[PDB]
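Here it is, the structure, as structure tokens.
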Amino acid sequence: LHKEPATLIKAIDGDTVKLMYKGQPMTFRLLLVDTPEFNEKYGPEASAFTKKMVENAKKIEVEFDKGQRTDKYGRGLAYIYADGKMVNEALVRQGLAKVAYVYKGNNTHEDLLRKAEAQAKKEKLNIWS
Ligand SMILES: Cc1cn([C@H]2C[C@H](OP(=O)(O)O)[C@@H](COP(=O)(O)O)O2)c(=O)[nH]c1=O
Ligand SMILES: [Ca+2]
């Protein structure tokens, strides 16, 4: 996999972000994670976490996996990096997302996110408390 440049247009929620990619606006949905909706418990916390992370970053990068790059809703499907730190991983580490939507061909970072989930779980962080 390879990292590609992109620019923040707007935070949306815990697992969706609007980005300028190859000069086109696109909604990106984070691979391999599920944050609660804004209206659910830890929803505002998940949204705030992602918001801070992408807004404070100097450099946003997009990394597609080996399978589909767009979902049935026309959302980009990617790992998103903020100053080299993967947003998908950070949410799971913090207990602000569950590992989820793991489909074959788009699962390069599965083991890495499952490690993070195991540590959030042992620490009973947020969703695991
Ligand atoms: C993360 C992800 C979601 N999706 C689709 C499946 C779900 O659609 P259906 O429920 O219609 O089957 C939806 C969940 O997204 P949200 O968690 O953003 O709601 O997005 C993919 O198709 N591939 C993916 O990698
Ligand atoms: Ca969600």
Side-chain angles (χ1 to χ4, degrees):
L1 313 188
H2 80 278
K3 283 168 199 185
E4 298 177 51
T7 313
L8 178 61
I9 295 166
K10 212 192 158 275
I12 297 175
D13 78 347
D15 58 17
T16 63
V17 59
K18 182 67 99 195
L19 308 169
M20 191 63 71
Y21 171 71
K22 284 180 165 167
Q24 303 302 334
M26 208 170 316
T27 296
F28 280 87
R29 171 68 168 82
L30 299 191
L31 284 171
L32 295 191
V33 305
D34 197 20
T35 51
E37 302 300 313
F38 186 74
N39 55 47
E40 304 167 314
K41 198 167 183 186
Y42 305 107
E45 292 73 6
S47 302
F49 185 94
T50 301
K51 186 187 168 56
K52 273 184 277 177
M53 194 162 173
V54 299
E55 282 180 356
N56 287 342
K58 286 161 183 54
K59 188 210 266 199
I60 294 298
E61 296 165 299
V62 158
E63 180 186 69
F64 296 109
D65 209 320
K66 294 280 174 154
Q68 71 177 246
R69 294 189 173 189
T70 58
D71 72 10
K72 62 188 268 217
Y73 302 107
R75 298 181 304 186
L77 293 169
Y79 307 101
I80 307 302
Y81 293 81
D83 293 333
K85 294 303 156 173
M86 202 209 299
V87 184
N88 316 54
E89 178 183 19
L91 286 162
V92 178
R93 188 44 190 89
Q94 292 311 306
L96 284 176
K98 294 186 171 187
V99 175
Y101 299 99
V102 185
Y103 304 95
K104 187 75 200 177
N106 256 3
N107 70 336
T108 299
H109 295 311
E110 180 178 9
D111 294 343
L112 180 79
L113 273 49
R114 287 207 193 277
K115 289 300 249 192
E117 201 182 71
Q119 283 303 296
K121 277 162 111 137
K122 285 156 199 178
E123 296 167 18
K124 290 92 182 174
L125 285 187
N126 292 293
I127 281 163
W128 309 109
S129 60

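Start at 1 with the first residue, then count along the sequence. Worth knowing before you read on, the calculation uses all heavy atoms, side chains too, and leaves out hydrogens, waters and symmetry mates. Whatever order the structure lists them in is the order used to number ligands and atoms, beginning at 1.
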(request) Starting from the Ca ion (ligand 2), look over the N/O/S atoms of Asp15 and name the nearest one. (result) OD2

N/O donor to acceptor pairs below 3.5 angstrom from side-chain atoms of residues 89-100, sequence neighbours left out:
residue	atom	partner	partner atom	Å
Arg93	NH1	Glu123	OE1	3.1
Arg93	NH1	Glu123	OE2	3.3
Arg93	NH2	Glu123	OE2	2.5

(message) Among residues at least two apart in sequence or on other chains, which ones pass salt bridge (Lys or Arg N to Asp or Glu O under 4.0 Å) with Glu110?
(response)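 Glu110 satisfies salt bridge (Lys or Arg N to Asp or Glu O under 4.0 Å) with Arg114 only.
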
(request) Indicate yes or no: at least one non-hydrogen side-chain atom of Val62 is less than 4.5 angstrom from one of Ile80. (result) yes

Anything under 3.5 Å between an N or O on ligand 1 and a protein N or O? List each pair with its distance, or write none.
residue	atom	partner	partner atom	Å
ligand 1	11 (O)	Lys72	NZ	2.8
ligand 1	11 (O)	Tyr73	OH	2.7
ligand 1	15 (O)	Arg75	NH2	3.1
ligand 1	17 (O)	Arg29	NE	3.4
ligand 1	17 (O)	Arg29	NH2	2.8
ligand 1	18 (O)	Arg29	NE	2.8
ligand 1	18 (O)	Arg75	NH1	2.8
ligand 1	20 (O)	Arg75	NH2	2.9

(request) Identify, with sequence neighbours excluded, every residue that meets side chain to side chain contact (heavy atoms under 4.5 Å, CB included) alongside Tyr103. (result)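 Per chain and number, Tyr103 pairs via side chain to side chain contact (heavy atoms under 4.5 Å, CB included) with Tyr101.
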
(message) With a 4.5 Å cut-off on side-chain heavy atoms, are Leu1 and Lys66 touching?
(response) yes

(request) Would you check if the Ca ion (ligand 2) lies under 3.0 Å from any N, O or S atom of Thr35? (result) yes

(request) Report the residue from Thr16, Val87, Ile12 that forms a side chain to side chain contact (heavy atoms under 4.5 Å, CB included) with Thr50. (result) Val87

(request) Assess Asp34: does it contribute an N, O or S atom lying under 3.0 Å from the Ca ion (ligand 2)? (result) yes

(message) Could you check whether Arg29 pairs with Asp34 (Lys NZ or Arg NE/NH1/NH2 to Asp/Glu carboxylate O, under 4.0 Å)?
(response) yes

